[PDB]
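Notes to accompany the following structure.
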Amino acid sequence: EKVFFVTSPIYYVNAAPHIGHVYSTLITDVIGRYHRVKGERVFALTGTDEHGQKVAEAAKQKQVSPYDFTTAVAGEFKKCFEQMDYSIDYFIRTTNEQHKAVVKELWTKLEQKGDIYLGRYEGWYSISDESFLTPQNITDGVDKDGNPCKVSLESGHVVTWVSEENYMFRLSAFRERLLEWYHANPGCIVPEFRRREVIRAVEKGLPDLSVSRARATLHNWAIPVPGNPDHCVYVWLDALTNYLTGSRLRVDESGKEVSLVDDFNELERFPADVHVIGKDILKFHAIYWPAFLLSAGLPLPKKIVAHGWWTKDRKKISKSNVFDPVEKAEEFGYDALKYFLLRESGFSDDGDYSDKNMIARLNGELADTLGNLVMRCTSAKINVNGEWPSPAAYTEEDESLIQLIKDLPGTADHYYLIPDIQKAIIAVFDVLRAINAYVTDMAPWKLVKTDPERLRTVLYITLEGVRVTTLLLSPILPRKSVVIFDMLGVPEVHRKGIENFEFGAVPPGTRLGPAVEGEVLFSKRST
Ligand SMILES: CSCC[C@H](N)C(=O)OP(=O)(O)OC[C@H]1O[C@@H](n2cnc3c(N)ncnc32)[C@H](O)[C@@H]1O
């Protein structure tokens with residue numbers, strides 16, 4: 239047993255944060271959260287990637303030193319993510335000294351086992367992606383200022399030629415072993431098809447990788463290569479090591495580091511259980527990262543979730561679709577927008593954000609299915625005693641609904657683990673819709689007069705239903721799930737832990753929380 243260790247990719251500090259990074263870190267957060275709700279110990283980890291030519295030149299463009307610039311931008315990121323009301327255990331920065339120590343340690347480790355040598359790289363490169371590309375991965379396209387240039391087929395950004403004496407990691411040595419790892423662990427890359435892509439790529443062949451760069455090129459704004467000040471460590475070998483650094487930092491109550499353990503075992507975090515990333519950076523996480531680790535005698539991660547790219551109104555996120565997530569959060573609600581991001585598309589798909597679409601999913605899932613159920617379920621009209629009634633005899637119809645509620649956890653457990661947050665959300669909302677049909681059917685408004693003894697069995701099942709679903713929706717709706725429980729008057733101990741996935745863990749005679757006359761759970765908006 240280990241600390242469950244979930245990651246978010248650390249982001250380039252060249253520009254303000256947006257929905258893309260909020261999205262990636264939310265997925266990180268939800269996986270971390272669910273596992274905590276399971277009662278497991280967890281370490282979630284978002285951060286910023288600060289070194290390298292991309293950011294270095296981003297600082298030059300804004301007429302200011304990288305030190306001042308990166309600190310400032312990295313600050314916008316901590317602010318955004320604080321306001322997004324997450325629950326991550328650390329915000330890492332590659333400018334941090336303890337990190338640098340680890341990168342140098344890893345570098346040395348790799349050198350030691352003869353898998354780094356001094357070579358050349360003569361080929362293409364995208365500064366904007368800090369990615370080496372082969373000629374097949376570039377095409378003709380327009381420079382800014384209209385000039386003919388070469389653009390990346392992956393990114394679309396400008397690619398410049400590079401002819402440098404660089405340090406080379408022996409990636410080609412590791413293709414057969416990588417291929418075993420992909421096959422030995424047929425669920426280590428999700429969604430499935432993105433796995434297949436990785437395997438096709440590795441099936442063809444791997445060249446050795448340039449893991450250092452000419453100091454000059456980077457504007458001296460990267461971690462030096464050990465034993466050779468003339469070089470700096472490739473931004474990605476630096477950036478990828480952030481996962482190993484967070485696994486070795488010890489953190490205090492204010493979220494600041496205090497110490498860097500010598501060994502990764504001391505904190506029982508490494509290797510990552512889930513590396514949430516974007517499809518755009520798969521090759522580094524699924525080919526490079528594991529290759530480095532094997533070289534160095536380290537463990538490999540368990541799972542890499544590579545997701546799709548958001549767009550707004552089908553047009554791509556605006557360099558020049562203004563998208564402030566914190567405002568859309570203030571507009572519609574923070575849990576509401578978290579939900580929408582997680583529900584509106586799965587990891588296989590390139591989601592398309594639309595205000596009107598979210599108004600729909602708010603008004604017709606959160607408000608009208610979930611919210612609606614709760615408002616009836618807890619009411620002086622139906623629940624005249626404001627308690628949890630004792631169940632009478634169970635109808636077969638009762639037993640059907642219950643079986644759905646008994647099963648619902650085990651199913652969502654798989655989907656959360658896959659991970660597929662979408663097929664875990666619907667899974668719950670299938671059970672919420674059922675619970676709702678049942679109640680319309682049983683007509684408890686009528687039963688309060690005809691058959692109070694039967695109304696006990698109806699109200700109780702509903703309540704336990706609404707409870708087990710809300711419990712399993714916690715990581716999606718962290719703040720509203722607490723409001724739901726408060727209305728239900730569930731004890732705090734029954735809001736966490738697998739013991740409370742059991743049907744009927746809250747016993748009858750439990751008193752409902754106070755009834756506020758205005759209290760609406762989710763607010764129906766204009767179309
Ligand atoms: C070892 S980690 C080093 C990573 C490196 N520092 C880096 O890649 O920096 P970066 O800010 O350009 O990263 C872009 C990342 O943000 C998300 N993302 C961005 N745009 C998105 C969108 N439109 N939709 C969904 N997700 C998006 C997505 O996760 C993608 O990988």
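According to the deposited numbering, the stretch in the sequence shown is residues 239 to 558, 561 to 767, in order. All C-beta atoms, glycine included, are put in the ideal place defined by N, C-alpha and C.
(Q) Tell me which residues share the same chain as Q321 and place their Cβ nearer than 7 Å to its Cβ, disregarding the 5 neighbours each side in the sequence. (A) Only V566 meet the Cβ criterion.
Q. Is the CB-CB distance between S366 and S393 below 8 Å?
A. The Cβ atoms of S366 and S393 sit closer than 8 Å to each other.
Q: Quick one: residues in its chain with C-beta nearer than 8 Å to the C-beta of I326, no 5 flanking neighbours on either side, listed in chain order?
A: Within the same chain, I326 has close Cβ partners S246, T263, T266, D267, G270, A282, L283, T284, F319.
Q: Kindly indicate the opening and closing residues of the beta strand (DSSP E) around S497.
A: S497 -> beta strand (DSSP E) spans 495-498.
Q: Would you decide whether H513 is buried or exposed? Buried here means 16 or more other CB atoms lie within 10 Å of its CB.
A: Under this definition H513 is a buried residue.
Q | Buried or exposed (CB count within 10 angstroms, at least 16 for buried), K521 | A | Within a 10 Å sphere around the beta-carbon of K521 sit 16 or more other beta-carbons, which makes this residue buried.
(Q) Using 8 Å as the threshold, is the C-beta distance between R331 and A310 below it? (A) Their beta carbons are not under 8 Å apart, which means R331 does not touch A310 by this criterion.
Q | Identified DSSP bridge partners for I376 | A | BP columns for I376 point to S390.
(Q) So for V449, helix, strand or coil by DSSP? (A) DSSP places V449 in coil when its eight states are reduced to three.
Q: Between the Cα of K764 and those of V489, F242, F572, spot the shortest distance and give me the residue it belongs to.
A: Comparing Cα-Cα distances from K764 to each of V489, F242, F572, the minimum goes to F572.
Q: Closer than 6 Å is what we want: which residues have a beta carbon that near any heavy atom of ligand 1? List them in chain order.
A: Taking each Cβ in turn, the ones that pass are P247, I248, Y249, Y250, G258, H259, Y261, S262, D287, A477, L478, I515, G516, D518, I519, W547, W548, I555.
Q. What is the DSSP secondary structure of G285, reduced to helix, strand or coil?
A. Strand.
**Q.** Local Cβ density within 10 Å of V730, reported as buried at 16 or more and exposed below that
**A.** Flag for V730 reads buried.
Q) How many angstroms separate the CA atom of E239 from the CA atom of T483? A) If you draw a straight line from the Cα of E239 to the Cα of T483, it is about 20 Å long.
Q: May I have the straight-line CA-CA distance separating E504 from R486, to the nearest angstrom?
A: In a straight line, the C-alpha of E504 is about 8 Å away from that of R486.
Q: Give the secondary structure of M322 by DSSP, where H, G and I count as helix, E and B as strand, and everything else as coil.
A: In the three-state reduction of the DSSP assignment, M322 falls in the coil class, being assigned neither a helical nor a strand state.
(Q) Below 8 Å on the Cβ atoms is my contact criterion, and I expect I248 with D306 to pass it. Report the Cβ-Cβ distance as a whole number of Å. (A) About 20 Å; that fails the 8 Å criterion.
(Q) Please determine whether the Cβ atom of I599 lies at a distance below 7 Å from any heavy atom of ligand 3. (A) Looking at this structure, you won't find ligand 3 anywhere; what it does contain is ligand 1.
Q | CB-CB length for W474 against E368, believed under 8 Å | A | So it is a contact: roughly 6 Å between Cβ atoms.
Q | Beta-carbon proximity of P255 to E295, cut-off 8 Å | A | No, these two residues do not count as a Cβ contact at 8 Å.
Q. Taking the alpha helix (DSSP H) that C617 falls in, what are its first and last residues?
A. 612-617 is the extent of the alpha helix (DSSP H) around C617.
Q. Ends of the alpha helix (DSSP H) at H545?
A. In this chain, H545 is not harboured by any alpha helix (DSSP H); it is covered by the beta strand (DSSP E) spanning 541-545.
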